[PDB]
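Comments concern the structure below.
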Amino acid sequence: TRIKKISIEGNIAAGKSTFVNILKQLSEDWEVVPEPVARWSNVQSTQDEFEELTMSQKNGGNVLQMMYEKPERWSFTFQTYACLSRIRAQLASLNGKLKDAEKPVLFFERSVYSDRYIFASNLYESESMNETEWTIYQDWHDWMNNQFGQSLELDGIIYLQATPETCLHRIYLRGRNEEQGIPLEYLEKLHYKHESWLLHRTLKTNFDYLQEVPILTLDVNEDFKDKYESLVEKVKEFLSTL
Amino acid sequence: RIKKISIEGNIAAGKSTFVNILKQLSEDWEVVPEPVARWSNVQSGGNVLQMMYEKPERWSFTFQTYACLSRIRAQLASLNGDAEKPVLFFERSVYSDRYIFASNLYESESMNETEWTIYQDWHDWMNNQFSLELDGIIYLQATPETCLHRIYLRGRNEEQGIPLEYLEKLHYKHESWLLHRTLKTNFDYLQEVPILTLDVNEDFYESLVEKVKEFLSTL
Ligand SMILES: Nc1ncnc2c1ncn2[C@@H]1O[C@H](COP(=O)(O)OP(=O)(O)O)[C@@H](O)[C@H]1O
Ligand SMILES: Nc1ncnc2c1ncn2[C@@H]1O[C@H](COP(=O)(O)OP(=O)(O)O)[C@@H](O)[C@H]1O
Ligand SMILES: Nc1ccn([C@@H]2C[C@@H](O)[C@H](CO)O2)c(=O)n1
Ligand SMILES: Nc1ccn([C@@H]2C[C@@H](O)[C@H](CO)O2)c(=O)n1
């Protein structure tokens with residue numbers, strides 16, 4: 001409970017990775033849990049202790065690609081594993097980083113809440129998950145959180161706000177293969193969910209504390225150098241209020 | 001302190017019937033049933049059991065994840081909620097979920113390589129967190145023909161189309177895991193858990209119940 005937990009939220013290619021990985025260098029007390037995107041593009045489970053000595057860990061399926069190619073078939077599968085992989089990364093880093101730090105802060109790239117309330121919810125609303133899939137999913141997520149929830153509770157949220165058009169541009173800059181067919185319209189739906197959750201705060205979750213969690217909203221539409229100074233100043237001022 | 005004993009066996013071998021009888025021998029003895037009701041009426045209603053049998057290539061992964069999720073939830077709940085020698089009997093376990101049912105689906109191509117890899121990762125992680133380790137297993141052994149008859153007897157709508165060949169496959173995995181002990185899991189302690197095998201092919205027992213009473217005293 002000593003470690004402050006801050007989630008960085010924003011649409012696909014808003015610049016969360018870029019920002020927080022540059023941000024964390026400012027303090028030895030600051031670390032980041034990246035999102036497990038690579039685990040989704042190359043799906044692998046653990047090898048047997050003898051088998052790994054003679055067999056390579058091969059590249060597996062790309063469930064990320066599967067979800068984008070056929071959302072109505074693969075959404076449930078993808079969202080389940082996205083959330084599983086995140087909880088795993090976040091719980092291990094909480095248990096193992098920043099043991100001694102004076103004022104330790106762990107920044108999470110997204111959270112289990114955006115997994116459910118933004119991404120999966122948007123899939124359900126789009127009829128990419130039917131009623132049964134959506135029910136199973138929330139049942140699972142609810143249960144995981146009653147177990148592995150207290151430890152993962154956020155002290156604050158930093159919302160990196162970029163327009164859908166900026167995000168689409170940045171998807172192209174970044175060049176991640178599975179995202180190259182994403183339409184403006186999809187990013188726009190994701191944009192609206194983040195705005196409802198983080199800016200207007202009209203989106204109600206099953207997690208009551210989140211109605212109160214402090215939120216810092218940052219505009220990241222400009223080129224990185226143009227606003228970075230003010231952004232840093234704002235983050236520092238925000239962290240000192242938690 | 002609670003002793004945990006899993007009852008294993010093919011579909012309709014008689015596990016619910018057997019453990020419901022067994023339970024009455026002692027107030028120190030409780031059961032955790034397989035949450036089948038929750039599978040045929042998916043609530044927070046869809047029938048994911050039926051979906052799995054009707055369209056296995058579409059719904060197998062989804063069913064297995066929920067089956068195992070609902071099992072873990074129920075077992076952890078019973079553990080947490082003044083008995084001299086407490087015994088908890090689980091109808092099936094997280095191991096049979098993965099190594100008998102989910103594995104059979106993958107072998108039948110009802111789950112693809114990606115689905116199976118995700119399932120296994122999820123199961124590995126879910127059980128590394130979780131207390132549920134067994135002190136013994138009771139294997140109720142019935143032939144696939146006995147099991148098919150008992151499916152019909154019971155009359156669960158979702159199950160009525162199951163062919164003998166599907167039950168034969170499940171039978172072979174059971175015998176490999178529990179009789180021959182040739183099925184390997186990534187769960188080391190399981191190779192040492194004692195197993196009581198009980199033949200339940202005949203019409204129902206008194207004796208079989210007594211045999212358990214005593215197996216437990218060796219644990
Ligand atoms: N402020 C910015 N100005 C110009 N490019 C940016 C900026 N922020 C991020 N980028 C670029 O946008 C792409 C997406 O950034 P990334 O951090 O990977 O986003 P996220 O982690 O939100 O998906 C990357 O190619 C990165 O170089
Ligand atoms: N030994 C037995 N002899 C005759 N009927 C049995 C016997 N064991 C179970 N049954 C009946 O067989 C059907 C399946 O039993 P059940 O306990 O629901 O199986 P399981 O829990 O293994 O799926 C039920 O209708 C039950 O009454
Ligand atoms: N639960 C989540 C989290 C992230 N995403 C997408 C998949 C990728 O294209 C990016 C990765 O940040 O976002 C997603 O679709 N669902
Ligand atoms: N993990 C599991 C556990 C049980 N089953 C089947 C489904 C029903 O027909 C019966 C219920 O015992 O077993 C199953 O298919 N997968």
Side-chain angles (χ1 to χ4, degrees), chain A residues 8-23 32 34-35 37 109-110 160-162 166-176 179 218-228 231, chain B residues 7-21 31 33-40 48-50 52-53 56 59-60 63-71 91-105 110 119 123 140-142 146-162 166-167 170 198-205 208:
Chain A
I8 309 285
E9 307 279 351
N11 204 349
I12 300 171
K16 305 181 296 302
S17 171
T18 299
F19 184 63
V20 77
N21 289 284
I22 290 176
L23 182 75
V32 168
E35 190 178 50
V37 67
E109 293 184 11
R110 292 204 179 109
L160 300 195
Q161 196 191 27
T166 291
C167 292
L168 191 54
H169 188 52
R170 296 182 180 163
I171 291 172
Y172 293 143
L173 292 186
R174 164 163 72 199
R176 187 181 287 149
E179 289 172 352
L218 301 178
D219 172 315
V220 293
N221 291 294
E222 303 301 326
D223 227 336
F224 196 88
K225 75 199 152 147
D226 287 338
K227 293 293 160 180
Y228 180 71
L231 294 194
Chain B
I7 313 312
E8 305 279 355
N10 205 348
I11 304 183
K15 297 182 299 302
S16 288
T17 300
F18 187 70
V19 84
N20 285 345
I21 289 165
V31 187
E34 207 165 50
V36 283
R38 293 292 296 267
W39 305 343
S40 44
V48 70
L49 189 64
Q50 174 178 92
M52 176 271 298
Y53 280 127
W59 294 112
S60 283
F63 180 81
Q64 290 304 140
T65 300
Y66 191 56
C68 199
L69 167 80
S70 66
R71 187 180 316 280
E91 300 182 358
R92 290 207 184 108
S93 58
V94 290
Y95 314 114
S96 45
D97 280 340
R98 172 157 171 186
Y99 294 95
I100 306 298
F101 295 88
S103 182
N104 188 235
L105 289 164
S110 296
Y119 179 83
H123 193 274
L140 306 181
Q141 191 180 38
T146 292
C147 300
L148 182 71
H149 175 60
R150 292 182 180 166
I151 284 172
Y152 297 156
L153 292 187
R154 175 167 66 199
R156 208 177 271 158
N157 296 332
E158 307 87 323
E159 292 177 344
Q160 296 308 297
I162 302 167
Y166 183 95
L167 298 181
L170 294 180
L198 302 176
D199 182 306
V200 295
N201 282 287
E202 294 314 279
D203 194 342
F204 55 18
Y205 247 61
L208 298 176

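Order of listing sets the numbers, starting from 1, for every ligand and every atom in it. Chain identifiers are assigned alphabetically (A, B, ...) following the order of the sequence lines, protein sequences preceding nucleic acid strands; residue numbering begins at 1 within each chain.
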I need the nearest protein heavy-atom contact for [atom]: residue, atom name and distance, please.
atom                    : value
atom 14 (C) of ligand 4 : B:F101 CD2, 3.3 Å
atom 11 (C) of ligand 4 : B:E34 OE1, 3.2 Å
atom 16 (N) of ligand 4 : B:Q64 OE1, 3.0 Å
atom 21 (O) of ligand 1 : A:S17 N, 2.8 Å
atom 3 (N) of ligand 2  : B:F204 N, 3.0 Å
atom 1 (N) of ligand 2  : B:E202 O, 3.1 Å
atom 23 (O) of ligand 1 : A:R174 NH1, 2.6 Å
atom 13 (C) of ligand 1 : A:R170 O, 3.7 Å

Give, for atom [atom1] of [X] and atom [atom2] of [Y], the distance between the pair rounded to the nearest 0.5 Å.
X      : Y      : atom1 : atom2 : result
A:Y228 : A:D223 : OH    : CG    : 14.5 Å
B:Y205 : B:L198 : OH    : CG    : 9.0 Å
A:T166 : A:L160 : OG1   : CG    : 12.5 Å
A:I22  : A:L231 : CD1   : CG    : 11.0 Å
B:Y166 : B:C147 : OH    : SG    : 13.0 Å

What atoms of ligand 4 come within less than 4.0 Å of a heavy atom belonging to [X]?
X      : value
B:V36  : 11 (C)
B:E159 : 8 (C), 9 (O), 10 (C)
B:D97  : 1 (N), 2 (C), 3 (C)
B:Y53  : 6 (C), 7 (C), 8 (C), 9 (O)

Any N or O of [X] closer than 3.5 Å to N or O of ligand 4:
X      : answer
B:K15  : no
B:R92  : yes
B:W39  : no
B:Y166 : no

Inset, instruction - Quick one: sort the A:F224 and A:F19 rings into parallel, tilted or perpendicular, breaks at 30° and 60°. - result: tilted

Legend entry - Minimum heavy-atom distance between B:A102 and B:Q64, given as atom pair plus value: N-NE2, 3.8 Å

By number and element, which atoms of ligand 1 are closer than 4.0 Å to a non-hydrogen atom of [X]?
X      : answer
A:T18  : 9 (C), 15 (O), 16 (P), 17 (O), 26 (C)
A:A13  : 14 (C), 19 (O), 20 (P), 22 (O), 23 (O)
A:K16  : 17 (O), 19 (O), 20 (P), 21 (O), 22 (O), 23 (O)
A:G15  : 8 (N), 9 (C), 15 (O), 16 (P), 17 (O), 19 (O), 20 (P), 22 (O)
A:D223 : 1 (N), 3 (N), 4 (C)

Inset, instruction - Please verify whether a non-hydrogen atom of B:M52 lies at under 4.0 Å from ligand 4. - result: yes

Inset, instruction - Compute the minimum heavy-atom distance from B:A13 to ligand 2 and say whether it is under 4.0 Å. - result: yes

Using only atom types and a distance under 3.5 Å, with no angle test, would you say the side chain of [X] pairs donor to acceptor with the backbone of [Y]?
X      : Y      : result
B:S70  : B:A67  : yes
B:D199 : B:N201 : yes
B:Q160 : B:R156 : yes

Legend entry - Pair A:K227 + A:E222, salt bridge at N-O below 4.0 Å: no

Inset, instruction - Please say which of B:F101, B:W39, B:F63 ends up in a side chain to side chain contact (heavy atoms under 4.5 Å, CB included) with B:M52. - result: B:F63

Distance-only criterion, 3.5 Å: show the donor-acceptor pairs between side-chain atoms of residues 8-16 of chain B and protein atoms not counting sequence neighbours.
unit_1	atom_1	unit_2	atom_2	d
B:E8	OE1	B:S96	OG	2.7
B:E8	OE2	B:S6	OG	2.6
B:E8	OE2	B:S93	N	3.4
B:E8	OE2	B:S93	OG	2.6
B:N10	ND2	B:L167	O	2.9
B:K15	NZ	B:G9	O	3.4
B:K15	NZ	B:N10	O	3.1
B:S16	OG	B:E91	OE1	3.1
B:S16	OG	B:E91	OE2	3.1

Legend entry - Contacting atoms of ligand 2, where contact means under 4.0 angstrom from a heavy atom of B:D203: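 By the 4.0 Å cutoff, the relevant atoms are 3 (N), 4 (C).
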
Legend entry - For B:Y205, the ligand 2 atoms whose distance to one of its heavy atoms is below 4.0 Å: 1 (N), 8 (N)

Quick one: does [X]'s side chain get under 4.5 Å of [Y]'s, heavy atoms only?
X      : Y      : value
B:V94  : B:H123 : yes
B:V200 : B:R150 : yes
B:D97  : B:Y119 : yes

Inset, instruction - Measure B:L49 to ligand 4 on non-hydrogen atoms and call it side chain, backbone, both or neither using the 4.0 Å cut-off. - result: side chain

Legend entry - ligand 4-proximal atoms of B:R156, by part, heavy-atom distance under 4.0 Å: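 The answer is the side chain.
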
Legend entry - Region of A:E222 that comes within reach of ligand 1 [heavy atoms, distance under 4.0 Å]: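 Answer for A:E222: backbone.
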
Legend entry - Exercise check, heavy-atom protein proximity under 4.0 Å to atom 11 (C) of ligand 2: no

Inset, instruction - Using distance alone, decide if ligand 1 has a nitrogen or oxygen within less than 3.5 Å of any nitrogen or oxygen in A:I12. - result: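 For ligand 1, there is no N or O atom that lies under 3.5 Å from one belonging to A:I12.
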
Legend entry - Ring centre gap for B:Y95 and B:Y99 strictly below 6.0 Å: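 No, too far apart.
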
